[PDB]
Structure formats: C-alpha cells, structure tokens
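J.: What follows is coords.csv; its format and atoms are CSV, C-alpha atoms and all ligand atoms.
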```csv
chain,number,residue,atom,x,y,z
A,4,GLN,CA,100.5,119.2,87.2
A,5,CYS,CA,97.9,116.4,87.6
A,6,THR,CA,97.6,114.0,90.6
A,7,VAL,CA,95.8,110.6,90.3
A,8,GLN,CA,94.8,108.7,93.5
A,9,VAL,CA,94.0,104.9,93.5
A,10,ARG,CA,93.1,102.7,96.4
A,11,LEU,CA,94.4,99.2,97.2
A,12,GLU,CA,92.9,96.9,99.8
A,13,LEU,CA,95.4,94.4,101.4
A,14,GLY,CA,93.9,91.8,103.8
A,15,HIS,CA,93.8,88.3,105.1
A,16,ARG,CA,91.5,85.8,106.6
A,17,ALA,CA,92.7,83.0,109.0
A,18,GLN,CA,90.8,80.3,110.9
A,19,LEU,CA,91.9,77.9,113.5
A,20,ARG,CA,91.2,74.4,111.9
A,21,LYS,CA,88.6,72.3,113.9
A,22,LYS,CA,91.4,69.6,113.7
A,23,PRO,CA,95.1,70.2,112.6
A,24,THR,CA,96.4,68.6,109.3
A,25,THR,CA,98.4,65.4,109.6
A,26,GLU,CA,101.5,67.7,109.1
A,27,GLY,CA,100.7,69.9,112.2
A,28,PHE,CA,99.2,73.0,110.4
A,29,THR,CA,96.8,74.6,112.9
A,30,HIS,CA,95.5,77.4,110.6
A,31,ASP,CA,94.2,78.1,107.1
A,32,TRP,CA,94.8,81.6,105.9
A,33,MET,CA,94.4,83.6,102.7
A,34,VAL,CA,96.1,87.0,101.9
A,35,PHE,CA,95.1,89.2,99.0
A,36,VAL,CA,95.5,92.5,97.2
A,37,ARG,CA,92.4,93.9,95.5
A,38,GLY,CA,90.7,97.2,94.6
A,39,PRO,CA,87.4,98.6,96.2
A,40,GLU,CA,84.0,97.6,94.7
A,41,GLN,CA,83.7,98.5,90.9
A,42,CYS,CA,87.4,99.3,90.4
A,43,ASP,CA,89.8,97.1,88.4
A,44,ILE,CA,93.4,97.3,89.6
A,45,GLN,CA,94.6,94.9,86.9
A,46,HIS,CA,94.6,97.9,84.6
A,47,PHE,CA,97.7,99.4,86.4
A,48,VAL,CA,99.0,96.4,88.5
A,49,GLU,CA,101.5,94.2,86.5
A,50,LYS,CA,101.9,91.6,89.3
A,51,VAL,CA,101.7,91.2,93.1
A,52,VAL,CA,104.6,89.4,94.8
A,53,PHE,CA,103.9,87.9,98.3
A,54,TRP,CA,107.1,87.0,100.2
A,55,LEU,CA,106.0,84.2,102.6
A,56,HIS,CA,108.0,83.0,105.7
A,57,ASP,CA,111.3,81.3,104.5
A,58,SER,CA,109.9,78.0,105.9
A,59,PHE,CA,107.2,77.8,103.1
A,60,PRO,CA,108.1,76.1,99.8
A,61,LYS,CA,108.5,78.7,96.9
A,62,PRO,CA,108.0,81.6,99.4
A,63,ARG,CA,108.2,84.1,96.5
A,64,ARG,CA,104.5,83.7,95.4
A,65,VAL,CA,103.6,85.8,92.3
A,66,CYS,CA,100.1,86.6,90.9
A,67,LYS,CA,100.3,88.2,87.4
A,68,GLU,CA,96.5,88.4,87.0
A,69,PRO,CA,93.6,88.6,89.6
A,70,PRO,CA,92.9,87.2,92.0
A,71,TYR,CA,96.0,88.6,93.7
A,72,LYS,CA,96.0,86.2,96.6
A,73,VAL,CA,97.8,83.2,98.4
A,74,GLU,CA,95.8,80.5,100.2
A,75,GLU,CA,97.9,78.5,102.6
A,76,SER,CA,98.0,76.5,105.8
A,77,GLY,CA,100.6,77.1,108.6
A,78,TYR,CA,101.2,77.1,112.3
A,79,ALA,CA,102.2,80.8,113.0
A,80,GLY,CA,101.7,84.4,111.9
A,81,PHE,CA,104.6,86.4,110.3
A,82,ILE,CA,105.5,89.7,108.6
A,83,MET,CA,105.0,89.3,104.9
A,84,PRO,CA,106.4,91.8,102.4
A,85,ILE,CA,104.0,92.5,99.5
A,86,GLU,CA,105.3,94.2,96.4
A,87,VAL,CA,102.7,95.6,94.0
A,88,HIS,CA,104.3,96.2,90.6
A,89,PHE,CA,102.8,98.8,88.3
A,90,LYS,CA,102.4,98.8,84.5
A,91,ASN,CA,104.5,102.1,84.8
A,92,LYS,CA,107.5,103.0,82.5
A,93,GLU,CA,108.8,105.6,85.1
A,94,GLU,CA,109.1,105.8,89.0
A,95,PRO,CA,107.4,104.6,91.1
A,96,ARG,CA,107.6,101.1,89.3
A,97,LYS,CA,106.3,99.3,92.5
A,98,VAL,CA,105.2,99.9,96.1
A,99,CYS,CA,106.3,97.5,99.0
A,100,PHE,CA,104.0,97.0,102.0
A,101,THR,CA,105.1,95.0,105.1
A,102,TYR,CA,101.9,93.0,105.9
A,103,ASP,CA,101.2,91.7,109.4
A,104,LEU,CA,99.8,88.2,108.7
A,105,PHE,CA,98.7,87.5,112.3
A,106,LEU,CA,96.6,84.5,113.4
A,107,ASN,CA,93.9,84.2,116.0
A,108,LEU,CA,95.2,81.1,118.0
A,109,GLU,CA,91.6,80.8,119.5
A,110,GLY,CA,89.4,81.4,116.3
A,111,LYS,CA,89.0,83.6,113.2
A,112,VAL,CA,90.7,86.7,111.7
A,113,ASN,CA,89.2,88.9,108.9
A,114,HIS,CA,91.3,92.0,108.4
A,115,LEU,CA,91.4,94.7,105.7
A,116,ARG,CA,94.2,97.4,105.3
A,117,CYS,CA,93.2,100.3,102.9
A,118,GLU,CA,96.2,102.0,101.2
A,119,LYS,CA,95.7,105.2,99.1
A,120,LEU,CA,98.4,105.6,96.4
A,121,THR,CA,99.0,109.2,95.1
A,122,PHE,CA,100.7,109.4,91.7
A,123,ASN,CA,102.1,112.9,90.9
A,124,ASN,CA,102.2,113.7,87.1
A,125,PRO,CA,101.9,110.2,85.7
A,126,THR,CA,102.9,109.7,82.1
A,127,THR,CA,99.9,109.9,79.7
A,128,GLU,CA,100.1,106.1,79.3
A,129,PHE,CA,100.2,105.2,83.0
A,130,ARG,CA,97.6,108.0,83.8
A,131,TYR,CA,95.3,106.2,81.4
A,132,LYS,CA,95.7,102.8,83.3
A,133,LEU,CA,95.0,104.5,86.7
A,134,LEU,CA,91.8,106.3,85.5
A,135,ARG,CA,90.6,103.1,83.7
A,136,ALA,CA,91.1,101.2,87.0
A,137,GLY,CA,88.8,103.7,88.6
A,138,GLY,CA,91.5,106.2,89.8
A,139,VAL,CA,90.4,109.9,90.5
A,140,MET,CA,92.1,113.1,89.5
A,141,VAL,CA,92.7,115.4,92.6
A,201,LIG,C1,107.4,81.8,112.4
A,201,LIG,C2,106.8,80.9,111.4
A,201,LIG,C3,105.6,81.2,110.8
A,201,LIG,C4,105.0,80.4,109.9
A,201,LIG,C5,105.6,79.2,109.5
A,201,LIG,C6,104.8,78.2,108.6
A,201,LIG,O1,103.6,78.0,108.8
A,201,LIG,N1,105.5,77.6,107.7
A,201,LIG,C7,105.1,76.6,106.7
A,201,LIG,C8,106.1,75.9,106.1
A,201,LIG,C9,105.7,75.0,105.1
A,201,LIG,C10,104.4,74.9,104.7
A,201,LIG,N2,103.8,74.1,103.8
A,201,LIG,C11,102.4,74.3,103.9
A,201,LIG,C12,101.4,73.5,103.2
A,201,LIG,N3,101.5,73.5,101.7
A,201,LIG,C13,102.5,74.5,101.2
A,201,LIG,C14,102.6,74.3,99.7
A,201,LIG,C15,101.3,74.5,99.0
A,201,LIG,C16,100.2,73.6,99.6
A,201,LIG,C17,100.2,73.8,101.1
A,201,LIG,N4,102.2,75.2,104.8
A,201,LIG,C18,103.4,75.6,105.3
A,201,LIG,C19,103.7,76.5,106.4
A,201,LIG,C20,106.8,78.8,110.1
A,201,LIG,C21,107.4,79.6,111.0
A,201,LIG,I1,109.1,78.9,112.1
```
If you convert what's in this file into structure tokens, what do you get?

T.:
Amino acid sequence: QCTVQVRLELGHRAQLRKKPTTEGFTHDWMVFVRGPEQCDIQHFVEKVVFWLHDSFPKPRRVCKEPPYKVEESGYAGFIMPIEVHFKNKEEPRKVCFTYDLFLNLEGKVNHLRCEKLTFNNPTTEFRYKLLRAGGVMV
C-alpha cells in the first residue's frame, strides 16, 4: 500500500502577430507539457501526443523526448486533446487531458494548468521511474 504523486504542468503561450503571415495566420502559439522546477518527467513519460485541430497538417503531433511541445501559427483557438503516455507496464498506461488552447484576439496569453497525478501501488519498476522524476510518496 504505497501512493506516489507526480505533478505535470500543461500550458500554452499565444501572441497576436504584429502583421499576419502571407497565409492569414493571425497568431503564434506554443503548447507544452513539463514538470515543475528540478523534476524530470522524462523518467516516467514515454511520449506526449498533442491532437491539433483537424485543419492542421499531421494534427497527431508526438514528442518522445523533451521538450514536449508544439510551436504553431493559426487563426483560432480550439480544444486540444493531450495524451501523456507512461513508461508503465500496467494501468494507467496514459492520461488524457482536454486542453483549452484559447487565443487573445487583442494580445498575449500565457497560461499554466497544474495536474497532480496519484499512482496507487505502482509496480516496483514504475515506482522507481516516478521517484527518480521527483515524485513523492504519500
Ligand atoms: C476552429 C479552427 C481553429 C484553428 C485552425 C487553424 O489555425 N488551422 C491551421 C491549419 C493549417 C495550418 N498550417 C499552419 C502553419 N504551418 C503548419 C505546419 C508546420 C509549420 C507551420 N498553421 C495552421 C493552422 C482552424 C480552425 I476552422
């Protein structure tokens, strides 16, 4: 009976371009998954999959190593599913967030969403990956 908590930070920045691109993109944005300061989520994260709006080319964007992010331009916000896959042999194998990639049509957005994962009775192997990433026993 051991519990290990880890923290993920999901976020995005978005800025209204001074002048739109020749292709009518009004906004640059960047979305990411990371750990807090001094933690290393690559120890227990296999890959992060960002599911972009179906209008984007290759909207299944995968990062297998850090940084777990996508940098894009576009013209609108949307709801972006983000799957974080674990280096876990048992359940849960992954967690899915629905991320609100919203834009400020009149300027800049800099948003952070903090997600605390609780793993009950991880395998010895996966427990090792969580604590090495900076996870805490509860
Ligand atoms: C409700 C909605 C929200 C966002 C988009 C959008 O911005 N789509 C989009 C579609 C294609 C794109 N292509 C780029 C520019 N490239 C993409 C490939 C890598 C280099 C940058 N940005 C793109 C943005 C479309 C809709 I309707």

J.: Please list as a short mmCIF file (atom, residue, chain, number, x, y, z; two decimals) with C-alpha atoms, in the coordinates of the input every residue within 6 Å of residue 97 of chain A, counting only C-alpha atoms and excluding residues in the same chain fewer than 4 positions away.

T.:
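The file below, result15.cif, is the result:
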```cif
data_model
loop_
_atom_site.label_atom_id
_atom_site.label_comp_id
_atom_site.auth_asym_id
_atom_site.auth_seq_id
_atom_site.Cartn_x
_atom_site.Cartn_y
_atom_site.Cartn_z
CA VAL A 87 102.70 95.60 94.00
CA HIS A 88 104.30 96.20 90.60
CA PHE A 89 102.80 98.80 88.30
#
```

J.: For the atom pair atom CA of residue 86 of chain A and atom CA of residue 71 of chain A, what is the interatomic distance in Å to one decimal place?

T.: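 Atom-to-atom, atom CA of residue 86 of chain A to atom CA of residue 71 of chain A, that is 11.2 Å.
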
J.: Would you compute the distance between atom CA of residue 67 of chain A and atom CA of residue 90 of chain A? Give it in Å to one decimal.

T.: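 Distance reported for this atom pair: 11.2 Å.
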
J.: Could you please extract the residues within 10 Å of ligand LIG 201 (chain A), counting only C-alpha atoms and all ligand atoms, and hand them back as an NGL selection string?

T.: :A and (24 or 26-32 or 55-62 or 73-82 or 104-106)

J.: Please save C-alpha atoms of the selected residues as an mmCIF file, in the frame of the given file.

T.:
```
data_model
loop_
_atom_site.group_PDB
_atom_site.id
_atom_site.type_symbol
_atom_site.label_atom_id
_atom_site.label_comp_id
_atom_site.auth_asym_id
_atom_site.auth_seq_id
_atom_site.Cartn_x
_atom_site.Cartn_y
_atom_site.Cartn_z
ATOM 1 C CA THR A 24 96.400 68.600 109.300
ATOM 2 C CA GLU A 26 101.500 67.700 109.100
ATOM 3 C CA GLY A 27 100.700 69.900 112.200
ATOM 4 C CA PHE A 28 99.200 73.000 110.400
ATOM 5 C CA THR A 29 96.800 74.600 112.900
ATOM 6 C CA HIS A 30 95.500 77.400 110.600
ATOM 7 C CA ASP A 31 94.200 78.100 107.100
ATOM 8 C CA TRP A 32 94.800 81.600 105.900
ATOM 9 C CA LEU A 55 106.000 84.200 102.600
ATOM 10 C CA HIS A 56 108.000 83.000 105.700
ATOM 11 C CA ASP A 57 111.300 81.300 104.500
ATOM 12 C CA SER A 58 109.900 78.000 105.900
ATOM 13 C CA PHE A 59 107.200 77.800 103.100
ATOM 14 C CA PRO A 60 108.100 76.100 99.800
ATOM 15 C CA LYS A 61 108.500 78.700 96.900
ATOM 16 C CA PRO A 62 108.000 81.600 99.400
ATOM 17 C CA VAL A 73 97.800 83.200 98.400
ATOM 18 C CA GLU A 74 95.800 80.500 100.200
ATOM 19 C CA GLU A 75 97.900 78.500 102.600
ATOM 20 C CA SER A 76 98.000 76.500 105.800
ATOM 21 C CA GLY A 77 100.600 77.100 108.600
ATOM 22 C CA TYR A 78 101.200 77.100 112.300
ATOM 23 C CA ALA A 79 102.200 80.800 113.000
ATOM 24 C CA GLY A 80 101.700 84.400 111.900
ATOM 25 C CA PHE A 81 104.600 86.400 110.300
ATOM 26 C CA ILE A 82 105.500 89.700 108.600
ATOM 27 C CA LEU A 104 99.800 88.200 108.700
ATOM 28 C CA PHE A 105 98.700 87.500 112.300
ATOM 29 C CA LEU A 106 96.600 84.500 113.400
#
```

J.: Show me, as a ChimeraX atom specification, the residues that have an atom within 8 Å of residue 68 of chain A when counting all atoms listed in the file, minus same-chain residues fewer than 4 positions from it.

T.: /A:45,49-50

J.: Please save C-alpha atoms of the selected residues as a PDB file, in the coordinates of the input.

T.:
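Wrote it out as out-v9.pdb, contents follow:
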```
ATOM      1  CA  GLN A  45      94.600  94.900  86.900  1.00  0.00           C
ATOM      2  CA  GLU A  49     101.500  94.200  86.500  1.00  0.00           C
ATOM      3  CA  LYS A  50     101.900  91.600  89.300  1.00  0.00           C
TER       4      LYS A  50
END
```

J.: With only C-alpha atoms as the atoms that count, which of A:119, A:139, A:128, A:108 lies nearest to residue 20 of chain A?

T.: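 Among A:119, A:139, A:128, A:108, it is A:108 that comes nearest to residue 20 of chain A.
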
J.: Which distance in Å separates atom CA of residue 43 of chain A and atom CA of residue 100 of chain A, to one decimal?

T.: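 Computed distance, atom CA of residue 43 of chain A to atom CA of residue 100 of chain A, equals 19.7 Å.
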
J.: Rank A:136, A:36, A:141, A:42 by their smallest atom-to-atom distance to residue 66 of chain A, using only C-alpha atoms, and report the top residue only.

T.: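 Comparing A:136, A:36, A:141, A:42 against residue 66 of chain A, the winner is A:36.
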
J.: Rank A:23, A:69, A:125, A:14 by their smallest atom-to-atom distance to residue 93 of chain A, using all atoms listed in the file, and report the top residue only.

T.: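 Using all atoms listed in the file, the shortest distance to residue 93 of chain A belongs to A:125.
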
J.: Using only C-alpha atoms, which residue out of A:98, A:44, A:19, A:83 lies closest to residue 133 of chain A?

T.: A:44

J.: Would you mind telling me which residue in A:13, A:112, A:46, A:53 lies nearest to residue 132 of chain A when using only C-alpha atoms?

T.: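 Distance minimum relative to residue 132 of chain A lands on A:46.
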
J.: So, counting only C-alpha atoms, which residue among A:92, A:114, A:22, A:37 is closest to residue 70 of chain A?

T.: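 Of the candidates, the smallest distance to residue 70 of chain A is held by A:37.
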
J.: List as a ChimeraX atom specification the protein and nucleic acid residues near residue 12 of chain A, meaning an atom at most 7 Å away when all atoms listed in the file are counted, but skip any in the same chain fewer than 2 places from it.

T.: /A:10,14,36-39,115-118

J.: Need the shell around residue 122 of chain A: protein/DNA/RNA residues with any atom at most 7 Å away, counting all atoms listed in the file. Skip same-chain ones fewer than 3 positions apart. Format as a VMD selection string?

T.: chain A and resid 6 to 8 125
